[PDB]
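A.B. asks: pasting the sequence and an experimental structure:
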Amino acid sequence: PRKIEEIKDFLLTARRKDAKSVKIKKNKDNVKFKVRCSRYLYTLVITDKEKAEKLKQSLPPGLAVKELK
Amino acid sequence: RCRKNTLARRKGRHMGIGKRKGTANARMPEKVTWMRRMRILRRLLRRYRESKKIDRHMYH
Amino acid sequence: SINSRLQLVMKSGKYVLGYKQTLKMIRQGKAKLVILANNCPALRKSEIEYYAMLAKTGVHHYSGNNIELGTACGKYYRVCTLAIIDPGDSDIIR
Amino acid sequence: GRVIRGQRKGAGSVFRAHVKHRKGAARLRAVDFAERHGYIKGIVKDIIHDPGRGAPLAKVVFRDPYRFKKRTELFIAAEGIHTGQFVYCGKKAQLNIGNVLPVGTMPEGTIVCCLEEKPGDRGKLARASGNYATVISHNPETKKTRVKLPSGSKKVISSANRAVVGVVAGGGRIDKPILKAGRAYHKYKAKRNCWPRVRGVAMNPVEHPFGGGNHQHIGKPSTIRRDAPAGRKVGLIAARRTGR
Amino acid sequence: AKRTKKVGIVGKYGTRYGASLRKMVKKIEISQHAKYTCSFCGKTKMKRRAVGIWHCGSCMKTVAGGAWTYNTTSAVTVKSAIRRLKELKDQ
Amino acid sequence: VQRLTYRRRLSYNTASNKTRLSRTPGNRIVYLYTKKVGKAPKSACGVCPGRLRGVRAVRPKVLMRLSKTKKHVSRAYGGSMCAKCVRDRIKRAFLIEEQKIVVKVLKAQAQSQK
RNA sequence: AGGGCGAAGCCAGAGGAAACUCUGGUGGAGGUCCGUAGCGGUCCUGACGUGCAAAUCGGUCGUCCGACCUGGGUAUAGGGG
RNA sequence: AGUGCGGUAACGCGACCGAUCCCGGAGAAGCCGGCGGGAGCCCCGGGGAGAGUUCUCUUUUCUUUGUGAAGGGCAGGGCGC
RNA sequence: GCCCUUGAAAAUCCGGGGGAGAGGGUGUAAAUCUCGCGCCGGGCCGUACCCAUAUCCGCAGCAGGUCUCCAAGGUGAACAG
Ligand SMILES: [Mg+2]
Ligand SMILES: [Mg+2]
Ligand SMILES: [Mg+2]
Ligand SMILES: [Mg+2]
Ligand SMILES: [Mg+2]
Ligand SMILES: [Mg+2]
Ligand SMILES: [Mg+2]
Ligand SMILES: [Mg+2]
Ligand SMILES: [Mg+2]
Ligand SMILES: [Zn+2]
C-alpha cells in the first residue's frame, strides 16, 4: 500500500480509469480515505473531520464511495 | 512459592557452602567478572579524561 | 654520509615527514629537498619524482628502507617520504 | 589366493587420485613466436595453495598476442615470487628469478626448476617443493645441455627446452615431524587412498606373499627379481644392495 | 620462563609424542607462527597463510616463501648466485 | 510456550531452509522463511579487500529488478572498482606514458647523435 | 550440554649494572581430563535362552572437537571387490 | 548549442543512447574460539478483563493482555570510505 | 586461533572499459540496463494420513532398527537426575 500527503494527489489518483472503491474509514481522530487501484491501495490520512466531510463531496462521477462500518 | 524463595536468595540465603554444586567459576565466570571490571574502570578513566580531570599522559 | 647531515636538519631546520604532507609542501613550492626511502611504493615515488620536476626541487633517494629513514629522522616511527623545507645550518642541500 | 593390495591400485576405483579442489595443472607457458624469439611479459596476479601439493602456485596472466584477450597460467612458484611482480619469459628473457628461459641461454651453475624434460612439454623435472636442477654444461653443436637433477642423476637435455630460474617455493616442509596419526590422515586425504598401510607380515598368506606363519616373519628373502609376476614383486624390488 | 621452564609453544602437546620430537617441533612451531616484516611497507605483518605462502595484511603482498620461514637459506643463496651470474653474462 | 513447525516439506536445517520468528496479527508466532544475505561487489583491482560503496548488496538475480543507480556509482570504473585504485590507475597510466615519451626523446637524440 | 587443567602471545609490578629473572593478572591452546546427547559395547561369564529379539534387556562400562558421528548421491562384483 | 545534473571528496539525485569485443563481480564457501547488536522465550514491577482460594491469612494466586509481506521514515549496528 | 587439511562446480544475474553505430534538425527525434503509472499471461506432475513401544523394515499392532525442526517453570554447573 501507499500513503499520500496531498488532498489533491489522492483526488488525482481517484480520478484514474483503473480505480474503483474509495472506502472511507472514520477512525475517530483520523478519517482515512482508502482508494483501491490496479496495483496499489492508496490511503490518505485527513486529521480534520469537516475537511473530510468536504472531501466526501469532491469524489467525481459515481465511484463506489463505500463508507466503512 | 518460588518467588518467595527467590526473595530469600536476594537477602543472602540458601546460598552457603552446602547449597553449591558448581565450581565458583561456573557460578560466576572469572572472565565475565574481569570483563565487567575493565569495562567499568576504563569507562571511569575516559570519563575523567573527557572532563579535563586527567591529562592524556596520566590517562594512558 | 646523509644520516649525519639529516641529524642536524631535524634538530635545527624545518622539515616535514610523510607523503600527504610533503606533496603539500612541494605543491606550495617551499620544499627544497625530498628524501625517499628505497622501499617506497613505485607509483608513489614516480608521482613524487614528477612533482619535484615540475617544482624544480631536489630528490634524494635514501640508501635505506623506510624504517631506516625514520630511525634516521630520530623518530621511533617509520617514514618513507620526507621533505626538507629549511635546513637549519646543515649542508644537506649542497 | 587373493589379488593383493597393490595389484588393486592399478584398477583405479578406490585408489584413484582425489582432485576436486585441485586448482589445475601447474604447467609452463606454451611456446610461440614471442617466447621463441623475444620475451613475453606477464604479471603474477596471485599466489595460491593447491591441495595435495607442497609447492604453491602462481596465477600469472599475460596478453595473448593475436586476440585481444588476457590469457593466464599456473606456474609453480619460484621462491621469492610475489604478487604485482612481472614475470618475463622467452629466449631474450633477463636472467633473474621467476623468469622462464631456455636452458641453453642461461649460464653454467644456474639454478632452475619446472624444467622441460623435452622441448615444449610445459615443465616436467624438479617441481616438487624445495627442489631444483642445476644447468651443468652446454654443447653448442648438438644444441644440447647437461643438467643435474635433484635425484643426483646428470641427464642430457635439448638446449631449447625451458625452465624457470630459481628453486621451488615451500622448501623444508619435511623438517617438521608429523606427530599425530591424524596429521598423517589429513595429508593423504587431500591426495589419494594410500594411508594407513598394513604390513604384509600382518596379513594372512592369501592376500600377501609374506603372510601367514605362527610368528610374524617374512619366511622368504624380502629382496626380489624384477622379472617377477605382479603378486610376488613385494618387499625390495631388484635391490642392488639392501642394508644400512 | 613465567609459566613453563622449557616447553613454551609445544606445551600444547602435553606429554605426547616424545621429548625429541617436541623439541624438534618447537623450532618450526615458533618460526611458522612468527609475524615477520613486510619488506614492501615495513610493517611487521608478514604472516604465513598456508605452506610456502606468506601474506602481508597491510601490503596485501602475497609472497611465495618457505614452508616454515618467509625465507629459506637455500632460496637466499640461490638468489645471490643468480644475481652474480646475471652480471657476469651481461656486463 | 508456543513451539512451532517448519512451513515447507524441507525438514532439514540447511542454507536453503533458514527462518525467522514473527508475530502475526492473529497473535501466533509463525516461521517466516528468510532470504539469503547479498554481498556488495568486491573491486576489480583485487588487492583492496574491502567491498564497494554505493551499491545495494543483494542476491545477484535481484539486480535484474534494481535501477541502474543502485547498481553502480557515478565515476569512471563505477561500481566495478574502488576509487583509490582508479586514482592510482589514472596517475600511474599518466606517469608511465610520460616516461615512455622521455625514453622516446632519449632514443631520438641518440639517433641524431649517431 | 555443563565443568576441569590452563600452552603460546599480552599487561603491570619488583629485582637485576646487563643478560634477563621473579610475582600477580590476562589469554584460551589440546587426536587434553571429567561428563550429557551421539557413537560404541568391558564386566555381571546378571536377565532372557520353544525369547520381546534367528543376538534382545538391565545395571555397569569405553568414548564424547576428531584418524568424531551421521542422511542422501556416487564408485568398486565373485578367484572378483 | 543541447545522448541528464549535484557534490573538494567518499559519493548523490526517478530516468539518463549504444553492438561484436574485452575485464570484473555476484552465484561461491572449512572448522573452532571470544566479544557485541537484534529478535523469540523466560524473569521482575505495576495497570486492566475473567479465575481460583478465602476456617485464619493473602491490595491474592492463575490465565490473558496482538499486528504478515511489500513500501516509506527513523533508531541501532558496521566500514580496510 | 588451527592446518605437510586451505575447505565445490555450473546455470543464472549484474557492473565496468571500450566506442562500431543510431537520432532530429530548433520542435521534435531516436533513446530509456526506465522512472512512475496502465493491459495480458504463467501450462505440466506431486499435495490425503502415519513417520513409530499400532500405518515403515525386521514372517506379526515384535522391548530391535530407522535422517531432521520446535523445545516452558522449579532445583541445579547443567539439554544431568
Ligand atoms: Mg592374523
Ligand atoms: Mg601366496
Ligand atoms: Mg535446495
Ligand atoms: Mg548509488
Ligand atoms: Mg549370561
Ligand atoms: Mg526358561
Ligand atoms: Mg510384552
Ligand atoms: Mg500434509
Ligand atoms: Mg512424532
Ligand atoms: Zn582498490
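C.D. replies: Okay, I see it. Residues are numbered from 1 along each chain as shown, chains lettered A, B, ... in the order given. Ligands and ions are numbered 1, 2, ... in the order given.
A.B. asks: so residue C:26, which state does it fall into?
C.D. replies: When classified by DSSP: H, G, I helix; E, B strand; the rest coil, residue C:26 comes out as helix.
A.B. asks: how about residue B:32?
C.D. replies: For residue B:32, the assignment made with three-state DSSP gives helix.
A.B. asks: number of residues surrounding residue 11?
C.D. replies: No chain was given, so I picked chain A. Neighbour count of residue A:11, defined by other C-beta atoms under 10 Å in any protein chain shown: 17. For every residue, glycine as well, the C-beta is placed using N, CA and C.
A.B. asks: that was the other one, I meant chain B.
C.D. replies: The number of residues packed around residue B:11, counting by other C-beta under 10 Å, is 8.
A.B. asks: that one and ligand 10, how far apart?
C.D. replies: Distance of residue B:11 to ligand 10, computed by C-beta to the ion, to the nearest Å: 63 Å.
A.B. asks: which phi and psi values does that residue adopt?
C.D. replies: Backbone torsions of residue B:11, given as degrees, to the nearest 10, read phi -60, psi -20.
A.B. asks: distance check, residue C:8 against chain D.
C.D. replies: Counting by C-beta to the nearest C-beta, to the nearest Å, the separation of residue C:8 from chain D is 38 Å.
A.B. asks: repeat for residue B:5
C.D. replies: Residue B:5 sits 50 Å away from chain D, going by C-beta to the nearest C-beta.
A.B. asks: go on, residue A:66?
C.D. replies: With C-beta to the nearest C-beta as the criterion, residue A:66 and chain D are 64 Å apart.
A.B. asks: quick check: which element contains that residue?
C.D. replies: Taking DSSP states H and E as the criterion, residue A:66 maps to no regular element, lying outside all helices and strands.
A.B. asks: count of residues packed around it?
C.D. replies: 12.
A.B. asks: and the nearest residue to it once chain neighbours are set aside, bridged to which residues?
C.D. replies: In space, and not counting its chain neighbours, residue A:66 is closest to residue A:23: 4.7 Å by C-beta to C-beta, 6 or more residues apart in numbering or on different chains. Beta-bridge partners for residue A:23, by DSSP bridges, are residue A:34.
A.B. asks: is residue A:23 in contact with residue A:69, as I believe?
C.D. replies: No: contact criterion C-beta atoms under 8 Å: residue A:23 and residue A:69 do not qualify, at 10.2 Å.
A.B. asks: just list the residues touching the residue nearest to residue A:66, thanks.
C.D. replies: When the contact criterion is C-beta atoms under 8 Å, 6 or more residues apart in numbering or on different chains, the partners of residue A:23 are A:34-36, A:64-68.
A.B. asks: same deal with residue D:145?
C.D. replies: The neighbourhood of residue D:145, defined by C-beta under 8 Å, 6+ apart, consists of D:103-104, D:135-139, D:156-159.
A.B. asks: next: residue F:88.
C.D. replies: Under the criterion of C-beta under 8 Å, 6+ apart, the neighbours of residue F:88 are residue C:43.
A.B. asks: for it, grab phi and psi.
C.D. replies: Here is the backbone geometry of residue F:88 (degrees, to the nearest 10): phi -80, psi -50.
A.B. asks: any idea how far it is from chain D?
C.D. replies: Computed with C-beta to the nearest C-beta, the distance linking residue F:88 and chain D is 12 Å.
A.B. asks: how far away is that residue from residue D:5?
C.D. replies: 59 Å (C-beta to C-beta, to the nearest Å).
A.B. asks: count the neighbours of the residue of chain B found nearest RNA strand H for me.
C.D. replies: Checking chain B residue by residue against RNA strand H with C-beta to the nearest atom of the strand singles out residue B:3 as nearest, at 4.5 Å. Each residue near residue B:3 was counted by other C-beta under 10 Å, and the total is 6.
A.B. asks: distance from the strand or helix carrying it to the middle of the chain?
C.D. replies: Element membership of residue B:3 [criterion: DSSP H and E] is helix B:2-11. When distances are taken as C-alpha atoms, centre = their mean, to the nearest Å, helix B:2-11 is centred 21 Å away from the chain's centroid.
A.B. asks: tell me the secondary structure at residue D:75.
C.D. replies: What three-state DSSP gives for residue D:75 is strand.
A.B. asks: that one and residue D:26 touch, don't they?
C.D. replies: Yes: using C-beta under 8 Å, residue D:75 makes contact with residue D:26 at a distance of 7.0 Å.
A.B. asks: report the set of residues contacting both of these two.
C.D. replies: When contacts are counted by C-beta under 8 Å, 6+ apart, the set common to residue D:75 and residue D:26 consists of D:57, D:114.
A.B. asks: which one's more surrounded, the two?
C.D. replies: In terms of neighbours (other C-beta under 10 Å), residue D:75 is the more surrounded of residue D:75 and residue D:26; the figures are 28 against 22.
A.B. asks: hey, what's the more buried one bridged with?
C.D. replies: residue D:58.
A.B. asks: what about residue E:20, which SS state?
C.D. replies: Reducing the assignment at residue E:20 to three states with three-state DSSP gives helix.
A.B. asks: count of neighbours near it?
C.D. replies: Other residues within reach of residue E:20 by the criterion other C-beta under 10 Å amount to 9.
A.B. asks: same deal with residue A:44?
C.D. replies: Residue A:44 is surrounded by 23 other residues when neighbours are defined as other C-beta under 10 Å.
A.B. asks: equivalent analysis for residue E:49, please.
C.D. replies: Each residue near residue E:49 was counted by other C-beta under 10 Å, and the total is 15.
A.B. asks: determine the three-state secondary structure at it.
C.D. replies: The assignment at residue E:49 comes out as strand when based on three-state DSSP.
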